[PDB]
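Chains as they are written, first to last, in the deposited numbering: chain C, 1 to 254; chain A, 1 to 258; chain B, 1 to 258; chain 1, 386 to 514; chain 4, 4 to 322. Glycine included, every Cβ here is placed at the ideal spot set by N, Cα and C.
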DNA sequence: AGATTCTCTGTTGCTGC
DNA sequence: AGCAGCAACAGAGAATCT
Ligand SMILES: Nc1ncnc2c1ncn2[C@@H]1O[C@H](COP(=O)(O)OP(=O)(O)OP(O)(O)=S)[C@@H](O)[C@H]1O
Ligand SMILES: [Mg+2]
């Protein structure tokens, strides 16, 4: 059965904010070691993959895995009742037709409970993550958001190019061209602002700006973002959670 | 004549915000003991009724009642000049073709004055309030707004059910069902957050969510909201003012009736 | 060549915010004593004229004037990368096909660089400013914005009337009429709130509210606004910069002329 | 006199097509004239207005008359057009291809060499509606 | 399988104006234009698959040389081509500064110009008029009537025609020589017959027959690419006896899976475009083909309705 | 913490097929 | 006498600045 209680409804709301808009259907699966969820957009260029370990919850009980699919729009519509500080418990039996969201305030006072209708989705979780990527980099997610928001205005394509000690984002369209160049650096005054880069091979990939814009939402879940690029596979943008992570795999433009 | 000066234009602006959208025409009447106003929506399921006593004003003079009708939209269009802190004076002669709104800053400086065209409406104020209602309850208005905003997403109908020591709001539609259950409680740490309930008879009524959404606007006028329900009449949602109140009477859905 | 470095990208962003919306094409020209820019709207009732002296920059080098025209919309689209605190350098060769905007953070870290395509515009800068205007007045720009925002709701025309020691803004339309009357006054408690007026001749001009609304944007560049009116020419609304100014010349309505 | 650029890029005013539908040239093959008129009616896309034009013009046109039957045969076509036009709002517009044929029945039935003058026309139907 | 090969329509897509076997007059015109320069605004109209997009692509490439990337603006029907795009992007490209040779100009290629809205087409007039000295417009459409007359007045009009048998035969022979394919005269004849002046369709059918059987023979072409649909319908309508037309409709069309809607609609086209019989009998046959269509659109589409339509057509032809 | 401005989304109206 | 595709305008929500 499904029985997962989040300390703050806010965490779940931000996680769902990440799937929001860019995907319509999400397939969740709870099990002994936590909850995972996957959603693929219609064009199949973006995969949103979530993992929340048992420790991210205030209470988690699972003696029998349950897989459940649902319309994200329906889910987010209901995901603004958490008061953020409310407690949220996800509940479902072993053969569910619905998923119950239970928001409660500390005191017995107010109890908002929802029963969301589920969709039947053929279980087919993808495992496209690579052992090694050509290049790996992490930087503050707010910085990544700005970089994406800058360039987006210029083109529907933003190119990411990596060479030794150099990361360069570029957009070129009708009104002109733009570029943002960043360099690796360790800031001891607070390392959450550092920019790391490990390059095994220079990379140069192009992505659709509309998708990178969907991806930047993860900033609200983590201070830093990890970006893993390869010429052999979809790029991975990852936002770590306490016991978990939200991952976005994006196929480069051919 | 009409001569009513509000200390802060803000109070009048929030009051009108309450009539806003849900009604088009409002009938005001000033008299010796204050100002009243009534507005009924086209489908006649909602009545908005206002009462402002003489003491709510900084200056009020009335030696001859005046009744005046006007388009709500026209009034709100003009009701964003108050700077909130501006002083507002409503002025009209005994046989008006217009209503004058006069906003002035403390110093003689900016004087914004408006002359709003009036509409002729057959004077017919309703007096549908009941002596006793089946059940009566009050709770923080922000809480009531959240309750309404939650459920609204699920259905066009929100049911309110009352049993001894239990108030339950429920919505059930396409995507599923939802409910908010609250219990009476006295909070001494600050009683403006308490939830009172006096039940003479269990009640169970359904209202059109679109209307409850119009009603929640009153939160901006009062910390608490009083809800009086009866199986014999429209429900009353009331927002108290200093010397006055804004009331919303809403007819329960028969099965399909807002 | 063009080589102008702004200490804070924010100043340039606010300046461009002023041309924004009301004009489509802007003609810039850098030279030995600074940068000027002019833009005229399609109906030719509004001219936006800028002047930034050499001292407004952290670094400015010019051994050869360059004139360049561009689409305002394209420029603003790119003008939200300044982080406000970023440093901004405008760069262009003597015969440019583009204008380079270079934003850099203090540290070598992040460098956002843009290459904006230019438009060819027949160089024809206007010099319509008058020696003397009938009346001249200055007042806080936030106050002027409020005055414009008030009246705008009432009509598409706002009249400015000046008589000895009196400035009066008036709008009159469908829902009624409004007016804002201000009087000259020196506030020593802080003279940036004073209202000065020098009248050589009473004036009474009407302007299209849509244009005055475009003009009020200059508040973000200066605490005060100077307004110069004449019955012989377009009115001048001016917002001073440290070494420079942003000017808006607006033609009075003939009876129907913005 | 400006019309060269019009012949170069502009089609045939539906009024000009209506007056051409009542004209027969004695020096050209009737089949070639019919295919030229079909292409002009199809290119205009406004078969309804052309037909309404034909309906207003046919009583004033000179046509060798035996017993005014020609008008009886054309009432059946016009009725066929009205059924087709009603069906265009109910069904996906595959039937639109047959709409160009009804105006050409006027050329077959009422086309005469006598009709050298352009008859001007109006819109009694909009006023009646 | 891991990857595919490029089709012969794309692989052997002409890149020089000499390789085009289309209309010789317009081809030499565009060749001389690319040789001398000063390319004017143009609108190329015609039918699908005759060398319209390839022609303008070759012209732009030969005229711009290496500056094709930064001097040519391609906009197809797959991209937004509304009033906003014409207002912002096309105007920014036309106003863009670019150092070009003293005989070249920036080219704006607009594929499928017959699909642009009226507002965009109206806004394009002054857009192409004020920048006609540094920006040129080339439209490629199938129906020139869909483009407004003001736009057609500012440009040349090139009407491309169908490709004769000789040109398509020569192009197919060149492709076979370049690909070393086993063929025969009757096979190429059947290919050209099933192409109907469509060079792209001809090359596609040739490549499909090659990859499906290896030998380009009339038997293979007919077994893979069924005979033209309109020709069997024409032979059915032009039948002299009712039983022959009924047998043709039964065996060739109904027993092979052709839907009744396709049969009646193909039937309408054949008749409209018929020239063997007179005008009045053609109009009567079109009238009868119409009632059958109305009955089939109402869901009464069966073989009996088509049989009755043929019977009524024969009764009309029965004097 | 509050107010103002900008951006995005939804709804309505108009035009074209 | 659908739809659709549209495009434009208005309203609401979120973010930034004072
Ligand atoms: N004259 C020609 N010579 C050689 N190949 C040709 C010729 N015309 C067409 N083709 C082939 O057909 C392919 C497509 O031609 P297109 O020019 O795209 O057709 P089209 O005439 O533009 O009609 P559309 O695009 O359907 S409106 C080319 O890539 C060639 O392989
Ligand atoms: Mg093409």
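Q | For residue 237 (chain A): DSSP bridge partner residues | A | Your numbering for residue 237 (chain A) matches position 237 in the second chain. DSSP, once it has assigned bridges, lists 227 (chain A) and 248 (chain A) as partnering residue 237 (chain A).
Q. Do you know how far the Cα of residue 509 (chain 1) is from the Cα of residue 97 (chain A)?
A. To locate residue 97 (chain A), count along the second chain from 1; it is residue 97. To locate residue 509 (chain 1), count along the fourth chain from 1; it is residue 124. Approximately 46 angstroms, taken between the alpha carbons.
Q.
Check this for me: beta carbons of residue 250 (chain C) and residue 221 (chain C), under 9 angstroms apart or not?
A. Locating residue 250 (chain C) in the first chain gives position 250, counting from the first residue. Locating residue 221 (chain C) in the first chain gives position 221, counting from the first residue. Cβ distance not < 9 angstroms, so residue 250 (chain C) and residue 221 (chain C) don't count as in contact.
Q. At a Cβ threshold of 9 angstroms, is residue 283 (chain 4) touching chain 1?
A. Looking up residue 283 (chain 4) in the fifth chain gives position 280. So, interface residue.
**Q.** Status (buried if at least 16 other CB within 10 Å, exposed otherwise) for residue 514 (chain 1)
**A.** The count along the fourth chain starts at 1 and reaches residue 514 (chain 1) at position 129. Residue 514 (chain 1) comes out exposed.
Q | residue 161 (chain C) vs residue 170 (chain C) beta-carbon contact at 9 angstroms | A | Taking the first chain and counting its residues from 1, one reaches residue 161 (chain C) at position 161. Taking the first chain and counting its residues from 1, one reaches residue 170 (chain C) at position 170. Closer than 9 angstroms, so yes.
Q: Return the CA-CA distance between residue 105 (chain A) and residue 133 (chain B), expressed in angstroms with no decimal places.
A: On the second chain, residue 105 (chain A) is found 105 positions in, with the first residue counted as 1. On the third chain, residue 133 (chain B) is found 133 positions in, with the first residue counted as 1. Going from the Cα of residue 105 (chain A) to the Cα of residue 133 (chain B) covers about 31 angstroms.
Q: Leaving out five residues on either side along the sequence, give the residues of the same chain with a beta carbon under 6 angstroms from the beta carbon of residue 159 (chain C).
A: Taking the first chain and counting its residues from 1, one reaches residue 159 (chain C) at position 159. If we look at residue 159 (chain C) and ignore the five residues flanking it on each side, its Cβ neighbours are 170 and 206.
Q | Limits of the unbroken alpha helix (DSSP H) element including residue 13 (chain C) | A | For this step, residue 13 (chain C) is matched to residue 13 along the first chain. Residues 9–19.
Q. Which residues in the same chain as residue 299 (chain 4) place their Cβ atom closer than 7 angstroms to its Cβ, once the five residues preceding and following it in sequence are excluded?
A. Stepping through the fifth chain from its first residue, residue 299 (chain 4) is reached at position 296. Cβ neighbours of residue 299 (chain 4) beyond the five flanking positions: 263, 264, 267 and 308.
Q. Can residue 426 (chain 1) and residue 488 (chain 1) be called in contact, C-beta distance under 9 angstroms?
A. As a first step, residue 426 (chain 1) must be located in the fourth chain, where it is residue number 41. As a first step, residue 488 (chain 1) must be located in the fourth chain, where it is residue number 103. Yes, these two residues count as a Cβ contact at 9 angstroms.
Q) Given residue 411 (chain 1), which residues of its chain have a CB within under 6 angstroms of its CB, disregarding the five upstream and five downstream residues? A) Residue numbering aside, residue 411 (chain 1) sits at position 26 when the fourth chain is read from its first letter. Here the set comprises 498.
**Q.** Minimum Cβ-Cβ distance from residue 8 (chain 4) to chain C less than 9 angstroms
**A.** Translated into positions along the fifth chain, residue 8 (chain 4) becomes position 5. The beta carbon of residue 8 (chain 4) sits no closer than 9 angstroms to any beta carbon of chain C.
Q: Would you be able to state if there are at least three C-beta pairs under 8 angstroms between the region 389–401 of chain 1 and the region 39–51 of chain B?
A: no
**Q.** residue 176 (chain A) beta carbon less than 9 angstroms from that of residue 115 (chain C)
**A.** Here residue 115 (chain C) refers to the residue found at position 115 when the first chain is read from its first residue. Here residue 176 (chain A) refers to the residue found at position 176 when the second chain is read from its first residue. Yes; because the gap between Cβ atoms is below 9 angstroms, this pair is in contact.
Q: Would you give the residue range spanned by the alpha helix (DSSP H) that residue 488 (chain 1) belongs to?
A: Taking the first residue of the fourth chain as 1, we reach residue 488 (chain 1) at position 103. Run containing residue 488 (chain 1): 486–495, per the alpha helix (DSSP H) assignment.
**Q.** At least 3 beta-carbon pairs within less than 8 angstroms: the region 61–73 of chain 4 vs the region 58–66 of chain B
**A.** no
Q) Between residue 89 (chain C) and residue 37 (chain C), is the Cβ-Cβ spacing less than 9 angstroms? A) Against the first chain, residue 89 (chain C) aligns to sequence position 89. Against the first chain, residue 37 (chain C) aligns to sequence position 37. Against a cut-off of 9 angstroms, the Cβ pair of residue 37 (chain C) and residue 89 (chain C) comes out as no contact.
Q.
Please tell me whether, using a cut-off of 8 angstroms, the distance from the CB of residue 77 (chain 4) to the nearest non-hydrogen atom of ligand 2 is below it.
A. For the purposes of this step, residue 77 (chain 4) is taken as the residue at position 74 of the fifth chain. No, Cβ of residue 77 (chain 4) sits at least 8 angstroms from all heavy atoms of ligand 2.
Q | C-alpha gap between residue 107 (chain A) and residue 232 (chain A), whole angstroms | A | If you number the second chain from 1, residue 107 (chain A) lands on position 107. If you number the second chain from 1, residue 232 (chain A) lands on position 232. Between the alpha carbons of residue 107 (chain A) and residue 232 (chain A) lies a gap of roughly 53 angstroms.
Q | Proximal chain C residues relative to residue 176 (chain A), where beta-carbon distance stays under 7 angstroms | A | Looking up residue 176 (chain A) in the second chain gives position 176. Residues of chain C passing the Cβ test: 98, 114, 115, 116 and 117.
Q: Please report the Cβ distance between residue 84 (chain B) and residue 13 (chain B), rounded to the nearest whole angstrom; I am assuming they are in contact, meaning their Cβ atoms lie under 8 angstroms.
A: Here the question's residue 84 (chain B) lines up with position 84 in the third chain. Here the question's residue 13 (chain B) lines up with position 13 in the third chain. Right, the Cβ-Cβ distance comes to about 7 angstroms (below 8 angstroms), so this counts as a contact.
Q. Between the C-alpha atoms of residue 228 (chain 4) and residue 297 (chain 4), what's the straight-line distance to the nearest angstrom?
A. Reading the fifth chain from its first residue, position 225 is the one you call residue 228 (chain 4). Reading the fifth chain from its first residue, position 294 is the one you call residue 297 (chain 4). If I take the Cα positions, the gap works out to 31 angstroms.
Q) Comparing the CB of residue 457 (chain 1) with every heavy atom of ligand 2, is any distance shorter than 8 angstroms? A) As a working mapping, residue 457 (chain 1) is identified with position 72 in the fourth chain. In terms of side-chain proximity, the C-beta atom of residue 457 (chain 1) is found no nearer than 8 angstroms to any non-hydrogen atom of ligand 2.
Q | Inter-residue Cα distance where the pair is residue 146 (chain C) and residue 7 (chain B) | A | Here residue 146 (chain C) refers to the residue found at position 146 when the first chain is read from its first residue. Here residue 7 (chain B) refers to the residue found at position 7 when the third chain is read from its first residue. Those two C-alpha atoms are separated by around 21 angstroms.
Q | CB of residue 142 (chain B) within 9 angstroms of CB of residue 201 (chain B), strictly | A | Indexing the third chain from 1 puts residue 142 (chain B) at position 142. Indexing the third chain from 1 puts residue 201 (chain B) at position 201. Contact annotation: residue 142 (chain B) and residue 201 (chain B) have beta-carbon atoms that are not nearer than 9 angstroms.
(Q) So with CB distances below 9 angstroms, who are the chain B contacts of residue 185 (chain C)? (A) In the first chain, counting from the first residue as 1, residue 185 (chain C) sits at position 185. Chain B residues near residue 185 (chain C): 107, 108 and 109.
Q. For the putative contact between residue 163 (chain 4) and residue 40 (chain 4), defined by C-beta atoms under 8 angstroms, what is the C-beta separation to the nearest angstrom?
A. Position 160 of the fifth chain holds residue 163 (chain 4). Position 37 of the fifth chain holds residue 40 (chain 4). That pair is no contact at about 23 angstroms.
Q.
Is there a C-beta anywhere in chain B that falls below 9 angstroms from the one on residue 143 (chain C)?
A. By 1-based counting over the first chain, the position of residue 143 (chain C) is 143. Yes - at least one Cβ of chain B is within 9 angstroms of the one on residue 143 (chain C).
Q. Just how far apart, CA to CA, sit residue 482 (chain 1) and residue 461 (chain 1)?
A. Residue numbering aside, residue 482 (chain 1) sits at position 97 when the fourth chain is read from its first letter. Residue numbering aside, residue 461 (chain 1) sits at position 76 when the fourth chain is read from its first letter. Spanning the two alpha carbons is a distance of roughly 18 angstroms.
Q | Beta-bridge pairing of residue 161 (chain B) - partner residues as DSSP gives them | A | Along the third chain, one-based indexing puts residue 161 (chain B) at 161. Paired residues: 168 (chain B) and 204 (chain B).
Q: Check whether the Cβ of residue 115 (chain 4) lies closer than 8 angstroms to any heavy atom of ligand 2, and answer yes or no.
A: Counting from one through the fifth chain, the residue named residue 115 (chain 4) turns up at place 112. Correct: residue 115 (chain 4) has its Cβ closer than 8 angstroms to ligand 2.
Q: On a CA-only basis, which of 210 (chain A), 77 (chain A) and 156 (chain A) is nearest residue 117 (chain A)? Give me that one, please.
A: In the second chain, the residue the question calls residue 117 (chain A) occupies position 117. Minimum Cα distance to residue 117 (chain A) is reached at 77 (chain A).
**Q.** Start-to-end residues for the beta strand (DSSP E) that takes in residue 198 (chain C)
**A.** Numbered from 1 along the first chain, position 198 holds the residue referred to as residue 198 (chain C). Where residue 198 (chain C) is concerned, the enclosing beta strand (DSSP E) starts and stops at 196–199.
**Q.** residue 143 (chain 4) Cβ short of 8 angstroms to ligand 2 heavy atom set
**A.** The residue you call residue 143 (chain 4) lines up with position 140 of the fifth chain. Indeed, a heavy atom of ligand 2 lies less than 8 angstroms from the Cβ.
Q) Anyone know if the C-beta pair for residue 195 (chain B) and residue 46 (chain B) falls short of 9 angstroms? A) Mapped onto the third chain, residue 195 (chain B) falls at position 195. Mapped onto the third chain, residue 46 (chain B) falls at position 46. At a Cβ-Cβ threshold of 9 angstroms, residue 195 (chain B) and residue 46 (chain B) do not count as neighbours.
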